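> next one to model:
(4 chains)
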Amino acid sequence: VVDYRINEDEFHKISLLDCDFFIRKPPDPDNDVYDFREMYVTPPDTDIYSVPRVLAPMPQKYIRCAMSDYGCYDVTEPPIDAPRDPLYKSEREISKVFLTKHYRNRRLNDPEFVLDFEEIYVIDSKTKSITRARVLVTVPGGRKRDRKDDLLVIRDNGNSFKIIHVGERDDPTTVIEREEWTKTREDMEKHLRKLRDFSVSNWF
Amino acid sequence: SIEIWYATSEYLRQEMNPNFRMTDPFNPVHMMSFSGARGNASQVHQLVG
Amino acid sequence: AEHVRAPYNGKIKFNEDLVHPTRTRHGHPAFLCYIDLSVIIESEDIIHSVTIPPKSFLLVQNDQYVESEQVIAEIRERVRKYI
Amino acid sequence: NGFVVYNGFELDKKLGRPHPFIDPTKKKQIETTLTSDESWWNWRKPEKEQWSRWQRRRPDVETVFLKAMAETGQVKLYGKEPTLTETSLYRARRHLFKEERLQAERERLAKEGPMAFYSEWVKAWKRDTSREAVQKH
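Numbering: from 1, shown residues only, chains lettered A, B, ... in the order given. Right below this line is the structure:
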């Protein structure tokens, strides 16, 4: 907790479900430049600033980054009190924000712009903290490779970060079917385990 | 005699629905009662339990 | 009155000195449980544990073989009968 | 830093191929239990087998179909007679196997041709029904 009210005109206000995250913003026409030296976390819509918890080394030089939120949708059916009350209410519950550095701080308008997936910082609303992503790379090339051909996969509630070739992209149908097959297989094994000939039975 | 056969009867009714839900979800008897259309679990138990 | 049933085939493993012998309303020997007794079923694959709540009748013995869905424990007017 | 890093059973179970529910290697016996001399009267195995009226397994469609697909090799069971667990699993998943059989029949029709395929139900047809023979005719 700090004892002063910062000026939000020079900060990146990142709003999440449980808090509002502030990162000092160096002036830039693109407004994609971030200064991680000064940071603050506040409860949503509150000017009581506090230093956020840091779980990893933070950059010291200005880096251009691309912001993308992570969360779910809250489609609820609110009770109908007044005439013409809405039948449903949909709101975006953002729980994580990923900051991905541009390759060599290249601008978006640059014809050679690519994203550097090895440099991702994760902002967590529940813990009011900021961390660096544990990125695992499988594309051949190592440090020196063509960044135009890599694809990032984020799983496990924004905790698993993996870099794969764009050619081995997985269909959304395949992902959904994999999850369904795994869960239903475990459920079926749990249901059948209570039968007394289960130990002398086969799966098929 | 009364309580052992009441416990056996009550256990069949409890496991009647998970058996329908996991192994025969589109069984006509299950759909006729799970949907709330006609018949309850007690009446189905009289037929299959 | 709810019945605890064996969830797997296996060997019942528990200490009989933490339970008090009794006689059920059906005339069977049993063990009365007044504590948080832990019962171990040594199944075919993995050793499993079943928790028996207190104030309950334990109808099985130590080292007894049980089958799945078999009742192993039970938790919990004047009529004239003629012989 | 250290944030970027560059780099039978247990496969049939993963793939969903027919396999035992319990791994035979990771399986143990149930030791020795009460021998009716250290057991109460109500937990003793009767000296003589008792007639039950439930001593025979109930016949159904699932057992017959599972035995047929075990004969054809579509699935393999733990033993010769499918268990009740296997019967329940087949009841759950029985549409996929029928779809596979129908697809195999469709492929056979596409490969052999209508004359060879439909001659199964025309026994009075003694001529050769192969595609080559049809071309010659």
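> which parts of chain C sit against chain B?
By the rule Cβ under 8 Å from any Cβ of the partner chain, the part of chain C lying against chain B is C:3, C:5, C:26, C:69, C:71. Backbone N, C-alpha and C define where each C-beta goes, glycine included.
> OK, contacts around the residue of chain C found nearest chain A?
Distances between chain C and chain A by Cβ to the nearest Cβ are smallest at residue C:68, namely 4.1 Å. By Cβ atoms under 8 Å, 6 or more residues apart in numbering or on different chains, the residues touching residue C:68 are A:194-196, A:198, C:5-9.
> what about residue A:26, how many neighbours?
12 (other Cβ atoms under 10 Å in any protein chain shown).
> element containing it?
Using DSSP states H and E, residue A:26 maps to neither a helix nor a strand.
> and the helices in chain D?
D:12-15, D:61-72, D:84-112, D:114-118, D:131-136 (DSSP state H).
> get me the contact residues on chain D for chain B.
Counting by Cβ under 8 Å from any Cβ, the residues of chain D near chain B are D:88-89, D:91-92.
> picking up where we left off before, of all the helices of chain D, which lies closest to chain A?
helix D:84-112 (3.8 Å).
> the closest one vs chain A: in contact?
Yes: legend: contact between helix D:84-112 and chain A by Cβ under 8 Å from any Cβ is shown at D:84-86, D:88-90, D:92-93.
> re earlier: of the residues of chain D next to chain B, closest to chain C?
residue D:88 (13.5 Å).
> doesn't residue A:193 make contact with that closest one?
No: counting by Cβ atoms under 8 Å, residue D:88 stays clear of residue A:193, with 11.6 Å between them.
> higher neighbour count, those two?
Ranked by neighbour count (other Cβ under 10 Å), residue D:88 and residue A:193 place residue D:88 first, with 22 against 17.
> residues in contact with the closest residue to that one other than its chain neighbours?
The shortest distance from residue D:88 to any non-neighbouring residue, by Cβ to Cβ, 6 or more residues apart in numbering or on different chains, is to residue B:23 (4.9 Å). Contact analysis of residue B:23 by Cβ under 8 Å, 6+ apart lists D:88-89, D:91-92.
> what of residue C:19?
C:31-33, C:37, C:58.
> now it: phi and psi?
Backbone torsions of residue C:19, given as degrees, to the nearest 10, read phi -120, psi 150.
> now it: closest residue in space that isn't a chain neighbour?
In this structure, residue C:19 finds its nearest non-sequential neighbour in residue C:31, 3.6 Å apart by Cβ to Cβ, 6+ apart.
> residue A:2 too?
Closest to residue A:2 by Cβ to Cβ, 6+ apart is residue A:49, at 5.0 Å.
> re earlier: closest to residue D:111 among the contacts of residue C:19?
Distances from residue D:111 to these, taken as Cβ to Cβ, are shortest for residue C:58 (65.4 Å).
> how about residue A:85, phi and psi?
phi -70, psi 140.
> for residue A:75, the count of nearby residues, please.
Other residues close to residue A:75 by other Cβ under 10 Å number 9.
> equivalent analysis for residue A:91, please.
By other Cβ under 10 Å, the residues close to residue A:91 number 11.
> ok, the spatially most central residue of chain D to chain B distance?
The centroid of chain D falls nearest to residue D:75 when counting by Cα atoms, centre = their mean (3.7 Å). Applying Cβ to the nearest Cβ, to the nearest Å, the value for residue D:75 to chain B is 16 Å.
> what do you get for residue A:172?
25 Å.
> so how far is residue B:32 from that residue?
To residue B:32, residue A:172 is 35 Å away according to Cβ to Cβ, to the nearest Å.
> neighbour count winner among these two?
Neighbour count, other Cβ under 10 Å: between residue A:172 and residue B:32, residue B:32 has more, with 14 against 8.
> what helix or strand is the more buried one on?
helix B:28-34.
> among the residues of chain C next to chain B, which are located in strands?
Per DSSP state E, strands hold the following members of the residues of chain C next to chain B: C:3, C:5, C:71.
> returning to that earlier point: packing partners of the helix holding residue B:32?
Here helix B:28-34 touches helix B:2-23, helix B:41-48, going by 3 or more Cβ pairs under 8 Å, 6 or more residues apart in numbering or on different chains; DSSP states H and E.
> tell me how many other residues surround residue C:66.
Neighbours around residue C:66, by other Cβ under 10 Å: 25.
> so what's the closest residue to it other than its chain neighbours up against?
Counting by Cβ to Cβ, 6+ apart, residue C:66 lies nearest to residue C:6, which is 4.2 Å off, once chain neighbours are set aside. Listed by Cβ under 8 Å, 6+ apart, the contact set of residue C:6 reads C:41, C:50, C:66-72.
> ok, the residue lying closest to residue D:70 once chain neighbours are set aside to chain B distance?
Using Cβ to Cβ, 6+ apart and skipping residues adjacent in sequence, the residue nearest residue D:70 is residue D:77, 5.3 Å away. Noted for residue D:77: a distance of 17 Å to chain B, by Cβ to the nearest Cβ.
> find the closest residue to chain C in chain B.
For chain B, Cβ to the nearest Cβ, closest residue to chain C: residue B:7, 5.6 Å.
> what residues are up against that residue?
C:3, C:71.
> what does chain A put close to chain B?
Taking Cβ under 8 Å from any Cβ as the contact definition, chain A meets chain B at A:187-188, A:191.
> quick one: which of those residues is nearest to chain B?
Closest to chain B, out of all of the residues of chain A next to chain B and judged by Cβ to the nearest Cβ, is residue A:191, at 4.7 Å.
> chain A contacts on chain B?
Counting by Cβ under 8 Å from any Cβ, the residues of chain B that sit close to chain A are B:18, B:22.
> what does chain B have sitting close to chain D?
B:19, B:22-24.
> closest to residue A:94 out of the residues you listed?
Nearest member of these to residue A:94, counting by Cβ to Cβ, is residue B:22, at 36.5 Å.
> which residues are in contact with the closest one?
Contacts of residue B:22 by Cβ under 8 Å, 6+ apart are A:187-188, A:191, D:88, D:92.
> ok, which pair from those residues is furthest apart?
A:187 and D:88 (13.2 Å).
> excluding chain neighbours, what is closest to the residue of chain D found nearest chain C?
Going by Cβ to the nearest Cβ, chain C is nearest to residue D:33 of chain D, at 4.0 Å. In this structure, residue D:33 finds its nearest non-sequential neighbour in residue C:65, 4.0 Å apart by Cβ to Cβ, 6+ apart.
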